[PDB]
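Every chain is numbered from 1, with letters handed out A, B, ... down the list of sequences. When reading the values below, keep in mind they use all heavy atoms of this one structure, side chains included, and skip hydrogens, waters and symmetry mates.
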Amino acid sequence: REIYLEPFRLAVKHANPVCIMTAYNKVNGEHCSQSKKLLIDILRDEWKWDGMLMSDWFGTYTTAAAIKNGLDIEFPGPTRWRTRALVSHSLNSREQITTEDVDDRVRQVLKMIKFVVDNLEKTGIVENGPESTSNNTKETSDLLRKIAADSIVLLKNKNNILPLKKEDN
Amino acid sequence: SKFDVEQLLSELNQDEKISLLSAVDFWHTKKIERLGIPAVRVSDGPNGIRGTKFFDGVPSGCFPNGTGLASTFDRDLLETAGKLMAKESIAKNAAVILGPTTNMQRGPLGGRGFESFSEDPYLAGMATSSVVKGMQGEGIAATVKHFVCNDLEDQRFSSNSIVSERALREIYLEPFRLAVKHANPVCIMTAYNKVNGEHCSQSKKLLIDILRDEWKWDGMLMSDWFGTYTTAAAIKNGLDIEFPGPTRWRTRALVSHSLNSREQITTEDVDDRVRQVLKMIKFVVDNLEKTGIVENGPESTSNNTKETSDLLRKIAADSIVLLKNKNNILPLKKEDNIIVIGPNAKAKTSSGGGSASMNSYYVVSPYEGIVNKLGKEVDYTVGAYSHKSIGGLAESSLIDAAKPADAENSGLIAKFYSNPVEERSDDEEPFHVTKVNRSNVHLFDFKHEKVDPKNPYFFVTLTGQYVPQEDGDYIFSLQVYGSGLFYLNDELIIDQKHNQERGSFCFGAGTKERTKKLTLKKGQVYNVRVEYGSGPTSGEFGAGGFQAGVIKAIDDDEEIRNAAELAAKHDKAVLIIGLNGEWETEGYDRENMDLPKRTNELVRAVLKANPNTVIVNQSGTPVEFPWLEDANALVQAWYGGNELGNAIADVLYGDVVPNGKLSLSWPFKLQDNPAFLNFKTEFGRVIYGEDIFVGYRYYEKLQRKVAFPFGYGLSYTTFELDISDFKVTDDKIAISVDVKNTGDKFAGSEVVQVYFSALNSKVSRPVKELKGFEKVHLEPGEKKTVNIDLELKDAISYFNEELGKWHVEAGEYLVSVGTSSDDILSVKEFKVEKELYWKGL
Amino acid sequence: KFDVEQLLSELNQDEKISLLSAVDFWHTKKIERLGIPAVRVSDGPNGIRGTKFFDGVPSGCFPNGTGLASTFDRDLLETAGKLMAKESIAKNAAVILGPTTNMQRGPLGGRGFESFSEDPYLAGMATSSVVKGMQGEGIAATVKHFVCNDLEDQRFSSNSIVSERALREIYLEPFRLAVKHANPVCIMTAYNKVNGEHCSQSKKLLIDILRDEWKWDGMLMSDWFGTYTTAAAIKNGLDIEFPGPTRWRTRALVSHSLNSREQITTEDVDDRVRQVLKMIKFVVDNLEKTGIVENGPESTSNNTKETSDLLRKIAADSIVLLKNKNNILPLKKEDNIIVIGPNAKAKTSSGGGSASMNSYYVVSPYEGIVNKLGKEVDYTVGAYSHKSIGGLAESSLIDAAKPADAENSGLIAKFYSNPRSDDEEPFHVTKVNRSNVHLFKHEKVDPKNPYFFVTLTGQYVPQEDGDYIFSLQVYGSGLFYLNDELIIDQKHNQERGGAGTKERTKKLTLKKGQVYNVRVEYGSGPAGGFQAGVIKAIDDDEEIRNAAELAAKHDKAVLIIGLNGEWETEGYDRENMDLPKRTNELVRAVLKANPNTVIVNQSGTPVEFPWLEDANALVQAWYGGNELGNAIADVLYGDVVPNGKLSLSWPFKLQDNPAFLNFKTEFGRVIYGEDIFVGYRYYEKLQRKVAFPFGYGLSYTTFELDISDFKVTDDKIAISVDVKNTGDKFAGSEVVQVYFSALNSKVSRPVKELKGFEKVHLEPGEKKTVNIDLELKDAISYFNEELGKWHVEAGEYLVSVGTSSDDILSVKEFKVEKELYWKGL
Ligand SMILES: OC[C@H]1O[C@@H](O)[C@H](O)[C@@H](O)[C@@H]1O
Ligand SMILES: OC[C@H]1O[C@@H](O)[C@H](O)[C@@H](O)[C@@H]1O
Ligand SMILES: OC[C@H]1O[C@@H](O)[C@H](O)[C@@H](O)[C@@H]1O
């Protein structure tokens with residue numbers, strides 16, 4: 001609660017991120033990408049966060065549990081755990097999941113996509129669009145310089161060695 | 001033999017191990033060459049060997065269906081049928097047989113009631129054991145299916161059989177326990193259903209605690225086809241091999257990812273499953289010298305011999321049960337001036353529908369059997385129709401009308417294309433071309449390099465020429481799984497592309513029948529043409545299938561009177577009725593116990609015109625006979641396989657004297673049956689409310705009368721018997737029974753049935769329980785002693801559900817001996833004083 | 001002003017713990033310091049026994065539940081519960097342990113007589129009426145036994161295994177109706193398990209359903225000793241353990257669990273205490289209306305004419321006329337009659353066990369007939385049918401040469417510390433009226449190691465010459481002495497026959513007029529009990545013969561038969577559905593000798609009448625309470641026109657019934673194999689014929705009905721039925737019964753379901769209109785097990801209106817487009 005969830009709670013409360021990516025590892029015996037405690041009880045019922053959960057890449061471990069327990073989307077394609085056969089066979093055989101679980105998941109994907117589409121006139125994104133270096137400007141350059149320069153930490157400076165002055169050999 | 005399980009296990013790499021956990025195609029395990037582990041071929045089923053294909057498959061020897069087989073009450077004969085299934089398997093180059101089936105007819109309505117043996121767990125177990133010993137003695141592996149409580153078809157992939165441990169132990173598990181104890185089958189197939197909330201195929205309790213830790217069985221478990229539902233649980237929990245390939249749940253990526261991620265399974269689980277698949281392969285390989293099986297070998301009809309014909313005929317004829325024979329109507333004689341009537345008379349109902357069915361060498365219709373017998377033409381009239389759907393089109397069409405009705409111009413032509421007719425250029429060639437004999441084109445397992453098994457996407461143009469035999473109205477029909485358009489003379493008549501409605505076709509997963517009735521002219525030539533697309537062309541689909549059919553419309557009304565008029569004019573009428581493999585099939589259950597359509601009307605009319613009528617019924621499970629009181633001769637013929645017609649004739653004319661006994665109770669009415677209210681998957685479940693009171697255990701407990709009881713069958717002669725010796729130690733029962741043919745004309749076989757009863761137990765039980773039987777042949781006036789010896793523990797235990805173990809209780813017991821569960825002739829009381837609690841075999 | 005939350009804030013932990021169990025058999029815990037009083041509870045559902053069995057204060061015994069339910073009269077059941085409240089105030093019991101509403105899934109249930117109906121709508125409306133009548137008087141109801149205590153066999157351990165659908169539709173349903181319509185102040189949890197878990201600690205039942213879903217806010221008490229754990233019962237929702245002194249919730253067990261973090265938290269304890277406090281608040285808030293006096297005395301003050309007349313009406317309206325050919329009924333006062341049969345002079349007012357009591361009086365059916373006709377009435381017993389011989393105290397005297405006063409009739413019971421020099425004294429002496437002596441508190445008696453001895457004495461005087469059979473049953477030890485001569489030994493060799501012994505008997509030739517000395521030396525239970533009886537021996541064949549002969553010499557015979565509260569009792573179920581002993585032979589002979597014999601049958605549950613076809617007039621009396629005999633007279637002569645309907649299916653034979661195979665606890669479990677198909681739900685689905693169906697009963701007049709108006713909204717059904725007495729002689733009541741059917745549902749269902757009923761009184765030729773309004777969801781839902789929810793499904797439905805489940809007289813088809821899923825009330 002106090003260490004690991006907190007940064008996420010703060011980011012959900014203040015920034016409402018659109019997406020969250022589930023970790024590769026387990027927490028207390030259960031893989032995070034199929035942990036109902038983490039993905040539903042805490043994120044949904046408790047924090048009322050309404051963004052979309054994507055797995056880490058290949059970080060999916062079951063067909064039915066992950067769907068039931070709140071992993072919205074498996075990355076990357078092409079799907080391993082969620083082929084049409086696997087999922088619809090689970091549904092028709094009553095193993096683990098219901099169409100409502102599948103709905104629940106799809107619904108969250110739809111909301112992410114909603115965010116993207118509603119912003120397409122602001123951002124100008126182009127589906128399967130090309131990739132430029134259009135943002136390679138001096139104005140970008142100065143920002144990255146600023147941001148970099150403010151990151152630096154001075155740990156020691158005895159007897160005015162720093163700053164250097166250009167007179168110094 | 002060289003084949004070394006442990007050595008090979010230590011040599012296989014992880015990729016290869018995973019590849020061993022799933023079939024490669026519909027019927028073959030994974031070849032591994034660098035290690036000389038061959039592909040093993042498996043084949044359906046419990047009453048004959050279909051081989052590697054439904055469509056265009058090699059003909060074979062179809063046996064009588066299970067409930068017929070069990071009615072023989074003949075262990076030796078059932079062993080012999082096993083030997084014969086094995087020979088038939090070898091000709092198909094199948095090293096493993098997907099059978100026998102032994103789920104329990106807890107009610108009469110099951111889609112596959114016909115396929116299993118008996119409601120009685122003892123008769124079922126012994127029958128299973130007998131067939132399994134016959135196959136494996138010959139070196140072919142058996143696969144007892146379906147483990148366990150797959151006792152209806154409704155929603156079988158999800159259905160949850162909710163059953164107490166006592167009933168689980170005493171009814172359902174028990175034929176498998178008997179099979180394992182006496183016959184040790186090489187394989188078992190896990191069921192599709194759940195038991196008490198868990199899919200059988202990933203059930204630790206069924207697959208490991210019981211099969212392995214308790215019974216110590218060491219064979220290999222396979223899934224039902226597609227009956228696997230998780231990747232890891234199924235592996236952890238004991239399912240050795242997934243069928244069919246290509247794999248779904250068990251790709252290299254799913255499994256190793258599960259392994260690398262520490263989710264559910266370890267390499268030990270994987271090795272445990274592989275070891276078992278290696279044990280089965282070693283059975284096969286160890287038996288190669290003896291069997292002659294050739295890896296991916298060809299399929300022949302090489303066992304189609306007179307020796308086979310005779311044996312199938314003996315098996316069928318001994319399965320027949322005589323139910324009623326008043327007024328010396330039977331046997332028929334060459335003299336009697338008979339007529340043959342009824343919807344099943346010229347029908348060839350050799351088997352039930354589904355995976356148990358096959359292409360037969362030939363099937364002798366019951367009409368043909370009679371004709372063969374008398375050496376003349378025999379009067380006939382159809383009486384009424386009783387088909388579920390219209391077939392018959394390929395069976396009566398020619399490629400070229402101008403030529404004679406050959407074996408080469410008969411049927412239709414099927415042409416397979418990668419692309420559909422609306423879209424292909426005329427210089428596109430078929431990728432496959434087959435001559436078609438049967439109207440049901442069943443493409444489940446069709447295989448070609450142009451067809452992708454992960455997405456079987458393809459088309460068929462089916463062509464021929466139809467020449468009508470009478471003027472009048474004809475009904476054409478089309479059923480599909482996928483997409484279908486039916487053309488007559490290039491005008492579309494049935495449309496099965498648009499607005500498809502779910503129906504009975506294809507294990508209940510296909511479309512309804514759509515039809516078009518058209519006025520037609522005799523001798524005129526009509527061009528028939530079916531355009532078809534497989535499942536994925538038209539959810540997630542299988543390859544599918546389709547059926548084009550035609551039938552000659554009739555005046556149903558007029559044919560019933562006609563039939564009665566004709567029967568009044570004959571000395572005797574022989575009325576052949578019943579169900580068929582469309583009414584009784586894998587895929588779905590019957591809806592009621594009724595004979596179909598006008599059948600009953602037909603019977604009433606014939607029994608009125610002529611009381612000297614013999615009724616011969618073909619069904620796998622009970623049907624109601626409403627007009628039973630008036631029917632003086634009634635024969636239960638089951639589905640008798642290739643020789644069904646000759647077996648019927650044999651029994652009708654007394655060259656074989658009836659010796660079948662019913663393997664199932666025959667209630668008067670559907671409402672009388674124990675599972676009346678719980679024979680449907682509802683909210684995904686089925687509650688076994690009758691508990692251990694299945695079959696005659698139910699009827700006797702309620703003193704409910706049935707049309708005909710478990711173990712009943714008449715003969716042409718008569719028998720009496722009496723216990724001639726009796727001796728119980730503290731751990732065995734030996735009993736001797738003398739049986740005498742008291743008649744003076746016919747030689748006959750009689751079945752001695754041994755039942756047990758506890759007299760003042762404090763646990764509730766059935767009144768009595770079959771625990772022994774023997775079949776004996778006797779000439780007129782001949783007398784033989786038959787001996788019957790069993791362990792106490794096997795004859796008088798009940799399963800104590802509170803303690804989780806079997807229990808021989810101290811008290812008084814009663815052995816009852818007789819020739820049906822309702823015809824006890826001889827009893828004896830004994831005391832048992834030292835008790836016994838046991839688990840295992 | 002009794003404040004629950006402020007009291008919860010003020011009680012210390014030990015006081016909290018002490019509220020979680022009862023003090024003794026009948027009382028909660030007084031907390032002087034905060035003004036929290038001890039609350040007396042008392043059995044049962046058909047009248048109020050009070051704080052003791054032995055030497056109990058007499059009381060008003062009502063007819064038994066299945067009889068009650070058979071009235072189909074909410075107003076009357078409501079009046080009845082109002083009377084039960086007065087009877088309770090008279091015993092100073094602030095809380096009644098009733099009504100009982102478990103379900104007769106089969107007929108043999110030992111407590112089947114005690115609940116209401118196999119139909120959950122009838123049970124739930126009966127329950128709701130009785131509770132509304134109790135609580136309007138400010139006396140609290142306790143609905144029991146929650147849930148699936150549907151047989152007695154091994155009830156403390158019996159696991160009822162039942163699907164969630166049958167559980168919702170049949171067994172939870174009368175409790176749901178009661179909560180929804182009557183809000184009982186209390187509920188008693190069952191002794192058994194449901195699906196593996198004792199009810200008294202089942203979170204699903206006690207919290208998820210009763211609290212989270214139904215929002216019911218009353219108090220749960222265990223059945224008596226029906227608590228099985230310390231912590232789980234407290235965690236899982238059992239508010240108070242009865243009886244005290246506590247076994248499972250001592251200060252040490254409870255607080256040790258708290259301090260050791262084992263299972264429970266102080267929050268769990270508070271939650272239970274809060275619920276006890278709320279029940280206490282109901283009692284204290286009604287003290288001005290009720291006049292309950294804490295630990296107050298118990299009186300017979302409600303024994304009045306008002307009470308007698310009401311118990312008479314209730315009993316008479318319970319009765320169901322089952323057959324009446326040839327107008328044998330009603331009888332004319334001038335008919336020459338003989339009264340025959342084992343139940344004729346019996347007083348079978350109730351079934352056995354906790355529901356039984358000591359009555360002000362019980363009018364036998366014979367007496368009822370005597371009172372009716374105002375003169376002596378010919379009689380012969382015909383046959384005996386007792387399970388055990390009693391009747392000794394009921395026919396004995398202290399000193400024979402003194403008249404049969406009330407002070408002198410019975411036996412003297414002298415209690416002793418030791419079984420002794422001349423000079424030990426009795427520490428208690430009681431006048432004993434009834435032969436079965438049931439044990440009891442005394443200062444010289446060690447609470448739970450109770451060792452004592454009883455010297456039971458008096459004089460017995462034979463009224464006839466010949467043979468007489470004496471008897472003793474003990475739980476413990478005792479000896480029977482007649483004229484200071486041992487005659488029956490229940491000390492030395494003992495046989496179990498359910499905690500105590502088998503009956504031992506001695507046949508003795510006695511002489512009319514002569515005074516014999518009865519002395520029984522009893523030994524205390526290691527808390528006990530015993531029964532010394534005596535009966536005149538009869539020649540059974542000759543007595544059947546005699547009754548036949550006599551019957552032939554009269555116009556009419558009235559034969560009174562059936563079971564009794566020893567054959568139908570809490571504690572065990574029946575073995576079979578047979579009438580006892582030679583009853584059936586008695587009946588055959590009488591019917592042969594006089595075909596115009598009226599048969600009146602007393603039982604809580606169905607019995608087989610094998611001779612039914614030859615019986616021309618047949619009446620189901622039930623167990624009638626104090627006024628049973630008068631009520632029977634009223635019906636036979638037509639001062640009450642029979643107006644009851646069967647609250648139960650009456651199959652021909654035991655084997656026909658749906659629970660035939662699973663009505664026994666085997667390996668500790670009972671499989672509800674029939675699922676939703678209970679009672680008529682079963683028989684209509686199988687189209688199995690029964691002797692008499694649910695909701696059947698005749699009248700002395702004829703009636704007709706039709707739906708005279710019908711309306712459905714998306715939310716509601718309103719129906720108007722016109723009913724008319726088409727006779728010109730008797731006024732009488734008819735019961736309009738409203739059933740629903742689903743005509744095209746995806747789901748399997750009963751052929752039809754009772755969902756409404758109204759009882760209507762009509763003078764000859766009179767016509768009335770009854771209205772019946774219901775919300776769809778009440779009328780046509782089924783429980784969807786897969787979804788875990790009730791479902792109003794779209795489709796076509798049929799309402800059928802009739803005078804029995806068979807006798808359907810008017811129907812209407814309607815359509816439902818608005819589908820609805822729901823939970824809760
Ligand atoms: O590159 C796609 C994803 O790959 C994963 O291995 C990393 O953990 C993620 O941080 C990253 O977004
Ligand atoms: O066809 C192969 C298998 O398929 C399944 O449809 C059936 O349930 C099995 O009995 C059969 O062996
Ligand atoms: O007698 C007090 C209580 O005891 C238990 O024996 C019964 O089950 C209850 O119905 C009764 O209220």
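- Heavy-atom contacts from other residues, nucleotides or ligands closer than 6.0 Å to CZ of A/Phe8 number 12 or fewer.
- The number of heavy-atom neighbours closer than 6.0 Å to CD of A/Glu121, taken from other residues, nucleotides and ligands shown, is 12 or below.
- Heavy atoms closer than 4.5 Å to chain B are found nowhere in A/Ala64, neither backbone nor side chain.
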N/O donor-acceptor pairs between chain A and chain B, cut-off 3.5 Å:
residue: A/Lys26; atom: NZ; partner: B/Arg262; partner atom: O; Å: 2.7
residue: A/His31; atom: ND1; partner: B/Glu263; partner atom: OE1; Å: 2.7
residue: A/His31; atom: NE2; partner: B/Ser261; partner atom: O; Å: 3.3
residue: A/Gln34; atom: NE2; partner: B/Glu263; partner atom: OE1; Å: 3.4
residue: A/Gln34; atom: NE2; partner: B/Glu263; partner atom: OE2; Å: 3.0
residue: A/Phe58; atom: O; partner: B/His257; partner atom: NE2; Å: 2.8
residue: A/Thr60; atom: O; partner: B/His257; partner atom: NE2; Å: 3.0
residue: A/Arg84; atom: NE; partner: B/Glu540; partner atom: OE1; Å: 2.6
residue: A/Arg84; atom: NH1; partner: B/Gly539; partner atom: O; Å: 2.8
residue: A/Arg84; atom: NH2; partner: B/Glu540; partner atom: OE1; Å: 3.2
residue: A/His89; atom: NE2; partner: B/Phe226; partner atom: O; Å: 2.9
residue: A/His89; atom: NE2; partner: B/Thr228; partner atom: O; Å: 3.1
residue: A/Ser93; atom: O; partner: B/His199; partner atom: NE2; Å: 3.2
residue: A/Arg94; atom: O; partner: B/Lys194; partner atom: NZ; Å: 2.9
residue: A/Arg94; atom: NH1; partner: B/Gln155; partner atom: OE1; Å: 3.0
residue: A/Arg94; atom: NH1; partner: B/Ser158; partner atom: OG; Å: 2.8
residue: A/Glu95; atom: OE1; partner: B/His199; partner atom: ND1; Å: 2.8
residue: A/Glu95; atom: OE1; partner: B/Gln202; partner atom: NE2; Å: 3.4
residue: A/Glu95; atom: OE2; partner: B/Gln202; partner atom: NE2; Å: 2.9

